[PDB]
Amino acid sequence: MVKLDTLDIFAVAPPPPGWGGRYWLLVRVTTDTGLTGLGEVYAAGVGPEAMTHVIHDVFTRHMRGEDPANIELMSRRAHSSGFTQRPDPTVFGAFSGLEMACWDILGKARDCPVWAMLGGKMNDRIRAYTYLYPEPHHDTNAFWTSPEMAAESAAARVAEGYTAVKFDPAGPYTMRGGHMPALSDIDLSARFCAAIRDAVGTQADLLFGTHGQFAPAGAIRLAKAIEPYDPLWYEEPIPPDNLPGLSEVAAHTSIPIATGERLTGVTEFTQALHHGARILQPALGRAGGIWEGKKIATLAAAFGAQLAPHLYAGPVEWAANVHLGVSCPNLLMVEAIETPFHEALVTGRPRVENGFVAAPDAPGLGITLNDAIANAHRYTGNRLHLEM
Amino acid sequence: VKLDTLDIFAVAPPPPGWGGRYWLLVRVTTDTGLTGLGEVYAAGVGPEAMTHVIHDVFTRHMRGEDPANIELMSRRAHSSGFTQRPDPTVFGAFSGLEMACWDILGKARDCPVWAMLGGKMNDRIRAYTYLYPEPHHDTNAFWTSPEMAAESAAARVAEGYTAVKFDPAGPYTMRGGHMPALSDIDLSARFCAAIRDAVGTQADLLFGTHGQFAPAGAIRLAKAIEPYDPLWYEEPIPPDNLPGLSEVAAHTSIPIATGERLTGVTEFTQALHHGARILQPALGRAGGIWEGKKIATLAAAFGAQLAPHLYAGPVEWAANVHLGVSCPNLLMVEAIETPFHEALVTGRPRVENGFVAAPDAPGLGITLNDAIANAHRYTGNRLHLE
Amino acid sequence: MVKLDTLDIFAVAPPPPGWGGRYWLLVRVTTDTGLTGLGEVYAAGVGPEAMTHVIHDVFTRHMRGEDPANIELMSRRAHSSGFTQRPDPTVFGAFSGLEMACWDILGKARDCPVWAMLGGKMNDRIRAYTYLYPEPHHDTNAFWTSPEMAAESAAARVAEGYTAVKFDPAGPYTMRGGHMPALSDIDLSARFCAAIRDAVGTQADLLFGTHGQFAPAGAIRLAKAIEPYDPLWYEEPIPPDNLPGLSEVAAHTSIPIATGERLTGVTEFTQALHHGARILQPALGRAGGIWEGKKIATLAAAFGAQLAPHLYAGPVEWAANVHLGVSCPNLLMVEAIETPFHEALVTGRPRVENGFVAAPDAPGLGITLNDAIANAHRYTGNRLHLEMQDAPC
Amino acid sequence: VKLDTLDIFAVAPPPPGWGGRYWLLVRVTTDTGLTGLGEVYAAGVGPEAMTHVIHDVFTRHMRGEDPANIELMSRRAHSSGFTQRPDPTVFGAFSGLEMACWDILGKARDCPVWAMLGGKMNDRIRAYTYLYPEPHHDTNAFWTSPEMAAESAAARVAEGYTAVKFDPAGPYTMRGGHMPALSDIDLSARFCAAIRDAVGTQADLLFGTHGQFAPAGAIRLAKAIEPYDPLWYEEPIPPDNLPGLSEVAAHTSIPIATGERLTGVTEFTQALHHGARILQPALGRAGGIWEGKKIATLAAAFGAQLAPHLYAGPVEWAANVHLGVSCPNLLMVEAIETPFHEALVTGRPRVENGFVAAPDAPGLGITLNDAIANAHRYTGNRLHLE
C-alpha cells in the first residue's frame, strides 16, 4: 500500500455572517504514492497558529511513514503521546483531523466511500437538523431574543423538509462555570418553545440547546419550564467538567439528555453514558476521529443511547459526520450548516435535501478542496474559534 | 457485488478429534464469483437442523445484499422474526456467514481482514493451547494425571508457548451449578502445582472450568488455586447466571474470564458489568468478526481484555487471528494446531514459537481443500459438544 | 409411567385477517401407551420449515423414551443442549411446545385438568382482555390510525363484558432497534388514549402496547403524553435486548411496565424484574413452557409483580395460558384472540364469556385437535409468522 | 501590578538526565519589574509546539492581569475556547505560569509562598527518592537487579531517607493495560524482598508502576508484593480508567496512589471516589499551586493524603515544597537531588537527613542561573518521556 508522507494545514476564515465559527482548521495529507486526504481539526484551547505546530508534531511523530490502515496503532500512539494515556482535546484534536484524512485516503485507494468501511449502508438517507437562523427579512440584532422571529425560522425550515430545529435562547455562556439561570432566561426559553411548537406543531422536533452554562440544580429548573413543549432533547445542560452532575439532572426531567461536543475519547463518552446522557454528540474533529466515533456509537448502543454528530466547523468534519452516520443503526440525526461558503470551500459536499442527506457515493469522503477559495479566505488573528 | 449462493460443509475431524465432533463451515459465492468462508459455532441442535437454519438466515437476510453491509445484515439477523434479542442459534448461523462477507470484502479489496478492522495493531499475536496427551501418554489415565499434564506443559514451553490451558475440575452436566467435590479441588490444586513446577515463570496457567459450579462453590475452588497465580479463572459458574460473576470476582484475586457461550455485544456487556475482565467470544457464535470487534470495544471501556475462543475448525481460527491483530486489548488467541486443522484448508495461520504472525493474503487468506472436506463428511446424530 | 414415542408437527395458516399470525406451529406427541398431548411452539427467528427440523431435533435428542412427568429433567437437558446452558428462544421455544404436550398427556393419564397439577383452582374465573380489532362497519386501512374507530371498537368490547382493551397507535417497528418516537406517533398515542378513555369511562383499563420500537429516552417522552389517561400498563417500551434500560423508564413514569413476550428462560424474566418491570408477559411457547411459566410467576410474586400470559398465536398456547392463569394468585389477565378459526381448529378451547374465562373442566388441556381443519389450512409460504419492517422511519 | 513579559527556557539536563529529557521553565515579569519562575510539565507534543501553546495561554488569559487574581486566570484557561473541561496541554501551560504568579506575589509581599497557602503546617516535610544506580553500579544491569536496588536503598537510608521508590515491573507501552508477565511479578517480589532486608523498618517501600497493566493484572501483581508491606501501589492501571481503580482498591490492602497524569481538581475528585488514598499531582500539569491546594482539600474529604509528583526541574520542585509545608494531609514529597537541579537555580530547597526545611525567603525562594540554562538549552526531537 502507501505510507503517509506530507501534510498541509489551512487556516480558513468564513465570511460574515460566519456560521461555523471564526476559523476552520483543514488538513490535506499526501501519501508516498500521491493520494491526498482531507481532515478537520476541531480545537480552540489554543489559537489557530499554535495549533499548526501541535498538528505538525502529531503527524510527524506518530503518523508520517505509516500505512493509513493502521488507525488503531496511530490512535494509541497519539493518546499515549509523552507518557500520558489519558484524554487530551488538543493533542487528540490534532490526531482526529489527520485520522479523518487517512479514511479519505483509504477510501480513494480502495475505491469505496468511507462508510463502505464502517459497516456499510445502514441508512440510505440520514435525518438532518439545523440551527434557527434569521430569515432574510428579520432584523439580525433582535432575532436572538425574539420568539416570534424564531417561529418564522421554524416554519420555513419545515417548509424545506427539516424535521427538527435547534435554538439556544438562554443567552450567554461564561467562563465562570455553571451559574443559576435568570428568570428572564427561563421565561425566554419557555416562550421560544411555545412559539415554535405553536408554529411547527407535529412537523418538527424541538432541540433545546444550552451550552453548559448552568449548575445541575439550575439546569433542572429550566427543564421543568420547557417540559410541556416536548423538546426532543436538552443539549449540554451543565459544564462538561462535571459528567457526574448529569445524573441528578436526568433523574429530575422527562426530557432526554444530550452531550459530548466538548468531550474527547471513547473513554469519556463512557462516563457521560453511565451518568445518564442518552444522546451523544461527538465532534469528530475533537473526539478522536471517525473510528473513535464508531466506538462512541457502539458504546451509546450498549446503553440504549443514540448518536447525533456535532457540527460547528467546516464541510470536512461534516463529510465525516455523514459517513459515520450512514453506517450507524443508533443514529438519531446530524447537525447541519448549509451556508454557501460550506458549499464553495469544497466540491462534493453532501447536501441536506428535504431534511435528509443521501449516502455519499464517491470514493473516500467524496470532498475535494478548492485551494483558491481556501487561501482567499485564509485566517489571520489570535482569536479563538469559539470563545467564552 | 452481491451475495448469491451458499454451500455448507459438515466436517468430522479424524481421531483423536481435537476441536470437536464436527465443524460447520459455509462458503458464500457472490454473483461476481468471489468466494469466502465462515464457520458456524452453534450446537444446541444437530448439523442437519442447523443446515436448514443457516440456509434460512442466509436467504432471508443476506442473499442479494452487498457484503459490505454488515450492520444491516446484523440488524436483520438480530431482529428476525420480530425478536431483536440474543439468539445463539440464529446469530450463530449468521456469525459464520458474516465471516464469509469479510473474506469476500478482503478479496475484492485485495486486503487482509485485519486491514479493514483498524490495521495491524499487533505484528504477531500471543497464542495458547489446551494441554493434550503426548504420543507416549496413556490417553485414558492422562486427564486425571498432574504428572502427565506437567509433561505436556513442559513440551509446550519447549515449542515456545507462553500459556497453557487445562481442566482438572471434571464433569459439566445439564443439572446446572453444583458444589465441587473435595476430590475436584484437590486434583485442581495438584495439577496447578505440577504445571507450575514444570513451567516456572515461562508459561502462564489458565484455569478453565466449564461453568460446572454454583458461585459459592467456584469460590472455594478459586481459593485453593490462588497460591499458583493462575492468569485467569475461566467460566467459573453457569453462563445463564451472569450476575453470579460479581460475588466470584470480589472473592478471588484471580481475573475472571468468560464468553464462549455468549452471543451479542449486549450479553458481553452484562459479563463486564458484573466483573469479568477477559472476554472469550467464539466468533462463530457471537455474531461474527464485526460484532467481535465491538465486544473488544466494550471490553476496552472496562479495562478488560479479549481472548477469542477456539473449539472449532481453521475458519473460525483464521477469523480469530484477524480480529486479534487489530485490537490493542487482545490478550491471546486459543490455538488448536492439529494436522487436520492444517490440511482442511490451505493458507492457514500458524503458531510459531508460541505466536501467530499477522496474515498476508487478501481476505482470511484461507481456501478450502474441497476433496478433504467432502471425504471427511459427518453422518450421524450427536452434537459437537455435549 | 408411559414413554414419549412419536411427534407430528402441524404448520397452520390462519385465514384472513390473520389475527394470531402468519402461521401457528402445533405439536402432537403420542406416548408408547396411546395417549396424545397437544403443544404449541412460539418461535420466529427462522421459518417453520427450519423450525420443524429444530423441533424434531429437540424431541428426539432429549425427550423420546421419557416419563412425561420428568419435566425438570427434560427442561434442563433442553436448556443445556449442545454444551450451552443459556437462554435460546429457538431451541427452548421448541421445547415449550413439547412440554405443553407433556402436561396434556399427564392430565389425561391422571384424569385431572392441567391447572390441578400447578396448585389447583386459585381463580374460579380468569380476567381477559383483547386487541382492538375493526368493527364490521369500519374501513380496514383507516382503522389503525383512527381514535374514533378505536373508541367505537372499544365501546363494543365493554358491551361484551371486557374490562380491559389493548391498542398500538405508536407506529411501525424497525429492525434498526430503539429509535426516537415521532411527534406524530406521540400525538396519535394521546388522541387514541383520550377517545378510548371517554368511550369506556371507568368500565375498562387501557393497555398501552408498543412493540419495542423506542429507545429508553423516547419511551419516557411517550409515557409522559399518555399518563393523564391512566393506562394500566406500558408494554415493551424498549427493545428486549436492553433490560437494563427498563430501570430508567420505570423510574420516570408512574405507568406500570409490562414486558417479556420476547423473553425466554426464568433467568431473563428475573433480569426484567430486577430492572423494574412489574408485569411479566411470557409467551409460553417461547418462555420454556407451562412449568417454566409457573416459576416465572413465583419470581414475579417475590417482586410484588403480576403475570399476564401473552397470546399472539393459536388455541393451544391459549389453553396453556388459561390453565397456568387458573393457578397463579398474582394473575392479572390473559391476552385473548377470539376468532372463529381458533374455535374451529380445536374442540374444547376455553371461551371468554362476559370478559372472563372460567377454569376448564376436562382432563389435560381439554383441547383436541381436528385433523381435517389442521390439514386444509397447512402452511406453505416462505415468510415469517411475525416480521419487523426494513423501512427507515 | 500587572503581568507583562514571558521568557521560556527549554533546558536539557546533562547525563544521566535524572528528571527527564528536558524542562520547560517560564519566567514572568510584571510592569513594576517583578519576576517569577514557573515550570510546565506537559509532553503530549514536543518543546517547540509547547513554546507556542505556553505563549498563546499567557497572552490571552494572563498578560495585563494582577498576579493575585489566580482564580480568574484559572477559569479563563480552563474555559479557553469554549471548553470548560480538563486539558493537560493548555492547563499544563497555565500551571507553570500560575507558579510564577505566586513567586511574584511572594516578592510583592515579602513572604514565602506557603505563607499564603494557609501557613506553616509542617516545619520540614517527608521526602523520598527513586532508587538510582550508584556510581560503582553497572548502568544496564542495575534496572533488573534486586541485589543492586537493595544497595541503593541501603545508601538512601544512611542519608536519612525514610522511603524509596522503584519500578521493577518494567516497561510502559502505548498499547494500554496488559497482563504482567510472570517474570515482572517475580522481579517485583524479589525487588521488594531485597529492599525490605536492606532497609528493615528504617524505610517504607514505594512501589512504582506506570499504568502498565489492566486492573485484573494489577490485582495479581499486588498479591505478590503485599507480604513486604509496601507503603503504596502507584499507578497500577492506565489513567484513562479511574473507574478501574475501584476493583484494585477493593482487592488489595495496599493503599492506591495516582495523579501525576491527571489535570483539574475535577479529575482528582473522580480518582478519590473510586478509592485512591494518595493523590500525586504533578503541579506543572494539574493546574498549579492553588489547584493543588484544592486537590489537597478533596484528598482530606476522602481521608486521603497528598504526595507531590516530581519528574522535572527545580521549579516544580520548589512549588511542591511550598504547597507541602501547608497541608496537614501531606505524606511526602518526591525528590530528585541531582547536582544539575542544584546548579540551574540559586536557593533551591535541599533534602537533608531525608527532610526539607520550610523555605525562609520571599516567593518560591529560587532565582534562575541564565547562562547555565543557556548552555544546556534543548535542541532535539524526542519527548520528555515516551
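Heavy atoms only: backbone and side chains are in, while hydrogens, waters and symmetry mates are out. Lettering follows sequence order; numbering is per chain, from 1.
The shortest distance between side-chain heavy atoms of C:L246 and C:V249 does not fall below 4.5 Å. Using a 4.5 Å cut-off on side-chain heavy atoms (C-beta onward), A:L307 and A:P309 make contact. The side-chain heavy atoms of C:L263 and C:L280, taken from C-beta on, include no pair separated by under 4.5 Å. Between A:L232 and A:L332, the closest side-chain pair of non-hydrogen atoms falls below 4.5 Å. Taking the side chain as every heavy atom from C-beta outward, C:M388 and C:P172 never approach each other to under 4.5 Å. No side-chain heavy atom of A:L324 sits less than 4.5 Å from a side-chain heavy atom of A:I296. Side-chain contact between A:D230 and A:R197 is present, with at least one heavy-atom pair separated by less than 4.5 Å. Residues A:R127 and A:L331 are not in side-chain contact: their nearest non-hydrogen atoms beyond the backbone lie 4.5 Å or more apart.
Atoms CE and CD1, from A:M117 and A:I290 in turn, are 7.5 Å apart once rounded to the nearest 0.5 Å. Rounded to the nearest 0.5 Å, atoms CG (C:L132) and CG (C:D168) are 11.0 Å apart. Considering OG1 of A:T163 and CE of A:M333, their distance stands at 6.5 Å, rounded to 0.5 Å. Note that the SG atom of A:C328 and the CZ atom of C:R176 stand 12.5 Å from one another [nearest 0.5 Å]. Rounding to the nearest 0.5 Å gives a distance of 10.5 Å between OG1 of C:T259 and NE2 of C:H310. One distance of note links OG of B:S79 with CG of C:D390; it measures 9.0 Å at 0.5 Å rounding.
The backbone N or O of C:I196 sits nowhere less than 3.5 Å from a side-chain atom of C:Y229 that would complete a donor-acceptor pair. Between the B:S80 side chain and the B:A77 main chain, no donor and acceptor come within less than 3.5 Å of each other. Counting only distance, with no hydrogens or angles, the side chain of A:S247 and the backbone of A:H275 share a donor-acceptor pair below 3.5 Å. Of the possible donor and acceptor atoms, one in the side chain of C:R286 sits under 3.5 Å from a partner among the backbone N and O of C:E261. With hydrogens and angles ignored, the 3.5 Å screen pairs no side-chain donor or acceptor of B:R76 with any backbone N or O of B:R60. Listed for the A:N123 side chain is no donor-acceptor partner under 3.5 Å among the backbone atoms of C:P392. Using a distance-only test at 3.5 Å, with no hydrogens or angles considered, a donor-acceptor pair links the side chain of C:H252 to the main chain of A:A250. The backbone N or O of C:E236 lies less than 3.5 Å from a partner atom in the side chain of C:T210, making a donor-acceptor pair. Remark: the backbone N or O of B:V57 is not paired with any side-chain donor or acceptor of B:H61 at under 3.5 angstrom. Listed for the C:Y234 side chain is a donor-acceptor partner under 3.5 Å among the backbone atoms of C:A219.
Ring geometry, C:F214 versus C:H179: the interplanar angle exceeds 60°, so the pair is classed perpendicular (tilted spans 30 to 60°). Using bins of under 30°, 30° to 60° and over 60° for the plane-to-plane angle, the ring pair C:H385/C:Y42 lands in the perpendicular bin. Using the six-membered ring where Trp is involved, A:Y129 and A:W233 have ring planes that are perpendicular, over 60° apart on the 30 and 60° scheme.
Within 6.0 Å of NZ on A:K121 lie no more than 12 heavy atoms contributed by other residues, nucleotides or ligands. A:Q203 CD: 12 or fewer foreign heavy atoms inside a 6.0 Å radius.
Under 3.5 Å, the side chains of C:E335 and C:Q281 contain no donor-acceptor pair of N or O atoms. Inspection of the B:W290 and B:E71 side chains reveals an N or O donor paired with an N or O acceptor under 3.5 Å.
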### Task
Start with the C-alpha distance between A:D205 and C:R221, add both sets of side-chain angles, then the distance that settles side-chain contact (heavy atoms from CB on, under 4.5 Å), and finish with yes or no.
CA-CA 12 Å; A:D205 282 291; C:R221 287 173 68 203; 3.1 Å; yes
### Task
Check step by step if side-chain contact (heavy atoms from CB on, under 4.5 Å) holds for B:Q84 and C:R262.
CA-CA 8 Å; B:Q84 210 170 78; C:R262 288 184 276 176; 4.2 Å; yes
### Query
After noting the C-alpha distance and the side-chain angles of B:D87 and C:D88, does the key distance pass the side-chain contact (heavy atoms from CB on, under 4.5 Å) rule?
CA-CA 6 Å; B:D87 180 1; C:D88 190 328; 2.8 Å; yes
### Message
One pair to check against side-chain contact (heavy atoms from CB on, under 4.5 Å): C:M175 and B:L72. What are the steps and the verdict?
### Response
CA-CA 9 Å; C:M175 45 75 194; B:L72 174 67; 3.7 Å; yes
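Of the charged side-chain nitrogens involved, at least one lies within less than 4.0 Å of a carboxylate oxygen, so that C:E268 and B:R85 count as a salt-bridged pair. A salt bridge does not link A:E292 with A:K295: none of the charged nitrogens is closer than 4.0 Å to a carboxylate oxygen. The pair A:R157-A:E160 counts as a salt bridge, with a side-chain nitrogen and a carboxylate oxygen less than 4.0 angstrom apart.
Residues A:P169 and A:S189 come closest through the heavy atom pair CG-CA, 3.8 Å. Contact between A:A319 and A:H323 at its shortest, heavy atoms only, is O-ND1, 2.7 Å. Nearest heavy atom pair, residue C:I226 against residue C:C193, reads CG2-SG, 3.8 Å. For B:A301 against A:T270, the heavy-atom pair with the smallest separation is CB-OG1, 3.7 Å. Nearest heavy-atom pair across B:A286 and B:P281 is CB-CB, 4.1 Å. Nearest heavy atom pair, residue A:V352 against residue A:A128, reads CG1-CB, 3.6 Å.
Seen from the ring of A:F303, A:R278 does not count as a face-on cation partner, given the 6.0 Å and 45° thresholds.
Remark: aromatic rings of C:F167 and C:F208 are close, center separation under 6.0 Å.
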